[PDB]
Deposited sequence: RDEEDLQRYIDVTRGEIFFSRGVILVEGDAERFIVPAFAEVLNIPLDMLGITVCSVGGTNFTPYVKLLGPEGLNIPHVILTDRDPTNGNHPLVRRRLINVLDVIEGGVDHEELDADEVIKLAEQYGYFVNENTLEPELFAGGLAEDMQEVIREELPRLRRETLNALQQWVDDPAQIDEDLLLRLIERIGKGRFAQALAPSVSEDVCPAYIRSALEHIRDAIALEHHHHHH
């Protein structure tokens, strides 16, 4: 918001509710620290970096975004703000990505819900889907049971289709009680630790 000590910038509603849930099980207390999670409702982070950057309010902030590329241009647009005057057109995607981590901007190589399904939350996500979609046809229920039994053969199209039908935010809120420290995606842990460190250092 505007009375925050820090901001975690996020693409949509799923991260808006999953990120605080992972913060709690990492013992990083976002509310007590005065850190708010803000959805930019898409992939354009530039207005928010302008608001929170050195020429705006100068508020510690981090970014969580998906590789998809077109992430190179997306990050060049925020690097032009937070590292102004410097040219970045010469850099390739990987150099832009590793430069961006210095400013707390982190890229995920695998979209959030499929990563969680594969990365240890398969049976919890199946339980939410069937609570929220209680009249799934038999073929879809069998496909979903097949992804649980073998989380490397997920039909990603159908999984995301089911989650979007439930509502990405509603799904994330229903899943949030199930997350644990050991299934936290690396890019979320990196961003949470980065903003925590920045706020704690100001106390130091």
Missing segments of the deposited chain sequence, listed N- to C-terminal: 1-16, 85-90, 227-230
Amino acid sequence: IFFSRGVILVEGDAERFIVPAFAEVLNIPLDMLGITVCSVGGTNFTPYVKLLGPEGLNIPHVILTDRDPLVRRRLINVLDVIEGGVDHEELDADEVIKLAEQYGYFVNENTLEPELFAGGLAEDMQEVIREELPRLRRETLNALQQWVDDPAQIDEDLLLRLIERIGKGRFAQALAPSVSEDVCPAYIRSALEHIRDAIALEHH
From here on, numbers count along this sequence of modelled residues.
Residue stretch of maximal mean CA temperature factor, 88-96 vs 101-109: 88-96
Between 142-150 and 36-44 (mean CA B-factor, as deposited), the higher: 142-150
Selection from 56, 167, 60, 69 [criterion: highest C-alpha temperature factor in the record]: 69
Modelled-residue ranking by C-alpha temperature factor, third containing residue 8: lowest
Residue 122, C-alpha B-factor rank within chain (lowest, middle or highest third): highest
